[PDB]
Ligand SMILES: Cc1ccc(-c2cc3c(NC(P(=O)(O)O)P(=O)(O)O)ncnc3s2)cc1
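Just one chain is shown here, as C-alpha cells, and it is the form solved without this ligand.
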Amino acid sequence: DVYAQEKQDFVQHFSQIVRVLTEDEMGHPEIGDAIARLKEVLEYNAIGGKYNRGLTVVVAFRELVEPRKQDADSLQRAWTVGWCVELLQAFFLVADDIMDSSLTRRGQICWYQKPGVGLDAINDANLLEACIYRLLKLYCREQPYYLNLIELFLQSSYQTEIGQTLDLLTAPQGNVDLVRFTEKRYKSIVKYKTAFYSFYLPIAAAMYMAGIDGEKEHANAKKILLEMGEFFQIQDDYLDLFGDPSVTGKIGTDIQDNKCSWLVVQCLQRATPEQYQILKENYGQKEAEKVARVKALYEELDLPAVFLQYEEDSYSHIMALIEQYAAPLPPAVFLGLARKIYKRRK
C-alpha cells in the first residue's frame, strides 16, 4: 500500500535523474557520445525492476521526517537518494550477470549479452556506480548528512563486494565444492552480498537524511534489516529454480554455476548417501540433463515445502525482532518492507 502509493512519483523522477546526469553534454560537447551511451545504459539497466530498494528510501524518509520538514527540495533529495540505491543495484546486477553467465534479467536479455556490448558492460556497470556519487554531490552536498551518505554507500559497496567474493570462492567452476556448502557459510555469504545493501542501506540513508545518526539506533535497525536480507536471499535462491520466469524476469543459473544456494545447503542436510552421490555427480555443471537431475532430487526431498515452512518461521522471527528493536522508529518503517518481501513470488 505505502509503496504502491509512492511508486508512480518515484518512477516519474527517473527523467530528471537522466536529465541531470546528461546535462554535462551542454558545457563539454566532446563527451557527447559517452553521455549518450550513459543514457542508454541507464535506460536499459536501471528501469524495469520493482524499485523496492529505492522506494524504501522514499517511504522511510516520509515516515521518519516531520511532515512540516518535507518541502519540495527535501523530497527531491529523498527521491534522488532512492535512485542512488537503484543505480547501485544496476551496477551490481550488470556485473553479476556477466560473472554468473546469466541470460536474462528484468524480462530482457542481459545487457552484456546484447550484440555489440559484451565485456564493454564492465565499464558501463562502473559508470552506473560513478553516477551515484555525482548525484549525491549535485543534490546533497550542502546537507549536514552529506558525508554520512557518502561513507554509507562506499561502505555498503565494500561489504557487498566482500560477499560477492565469498560467493565466487565457494562456487568454483569445474570443481566439486559440496563440503563447503554449510548453513554457517551460507549465512555469512548472504549477510555480506545481499543484506547490507538491499536492506540496511536504504533505511540507514533515510535515517541519516532524517538526522537520525546515533550508533545505537543504526545498530538496532541493522539487527532487524540484516535478518530480513537473509530471508530475502533465501527466497531469491528458491526463486532461481522454482520461480516462474515470466514473474521473476530472469533465468536461474545457481545449479550450473556451482553456487552455495540455500537449496543445496538444505538438500545436503537431508540427502541419503545415495542422493549425496546424485548431487555430487550432477551439481555445478552446464549439462541441461544434469541440472534436471538436481531439480528432481530437490523435489524428491520436498524442498519447496521446506522453503514454505521456512518462509513462515522466518516471518515470525523477523516480526519478533521488530517488536524488540523498532523503537524509537515507527514499526511501520519495517512492517511495510516485510509486507513487500514476504509471500512474494517476484
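Start at 1 and count along the sequence shown; that's the residue number. We call the rigid core whatever largest set of C-alpha positions still superposes within 1.5 Å between the two forms.
- Across the superposed structures in 8 other deposited structures of this protein, aligned by the core, the stretch whose Cα atoms lie more distant on average is 268 to 276, chosen from 68 to 76 and 268 to 276.
- Superposing each structure in 8 other deposited structures of this protein on the rigid core shows that the farther-lying of 241 to 249 and 122 to 130, by root-mean-square Cα distance, is 241 to 249.
- The stretch 298 to 306 shows the higher mean C-alpha B-factor when 298 to 306 is compared against 55 to 63 in the entry.
- Higher mean CA temperature factor between 116 to 124 and 261 to 269: 261 to 269, per the PDB entry.
- Highest C-alpha temperature factor among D167, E86, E227, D244, as the PDB entry reports it: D244.
- In this PDB entry, the Cα temperature factor of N148 sits in the middle third of its chain's modelled residues.
- Sorting the modelled residues of the chain by their CA temperature factor places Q76 in the middle third.
- Among all modelled residues in this chain, the alpha-carbon of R37 has a temperature factor (C-alpha) in the lowest third.
- When the CA B factors of the chain's modelled residues are split into thirds, the value for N220 lands in the middle one.
- Placement of the Cα temperature factor of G214 within the chain: highest third of the modelled residues, per the deposited record.
We do not show the form deposited with this ligand bound, though everything after this point is about it.
- In summary, the binding site of this form is blocked: after superposition of the surrounding C-alphas, this ligand from its pose in the deposited complex has 3 or more atoms within 2.4 Å of backbone or C-beta atoms.
- Comment: 50 to 58 is the region of 50 to 58, 273 to 281, 293 to 301, 34 to 42 lying near this ligand in the deposited complex, near meaning a non-hydrogen atom within 4.5 Å.
- By the criterion of a heavy atom within 4.5 Å, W79 is excluded from the residues contacting this ligand in the deposited complex.
- In the deposited complex, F199 approaches this ligand with a heavy atom inside 4.5 Å.
- A residue is said to contact a partner when one of its heavy atoms sits within 4.5 Å of a partner heavy atom; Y145 fails this definition for this ligand in the deposited complex, lying far away.
- In the deposited complex, this ligand stays beyond 4.5 Å of every heavy atom belonging to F181.
- Think of it this way: in the deposited complex, this ligand has a heavy atom of just one of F232, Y139, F153, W111 within 4.5 Å, and the residue is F232.
- The candidate site formed by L21, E25 and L135 is entirely out of contact with this ligand in the deposited complex, as no residue has a non-hydrogen atom within 4.5 angstroms of it.
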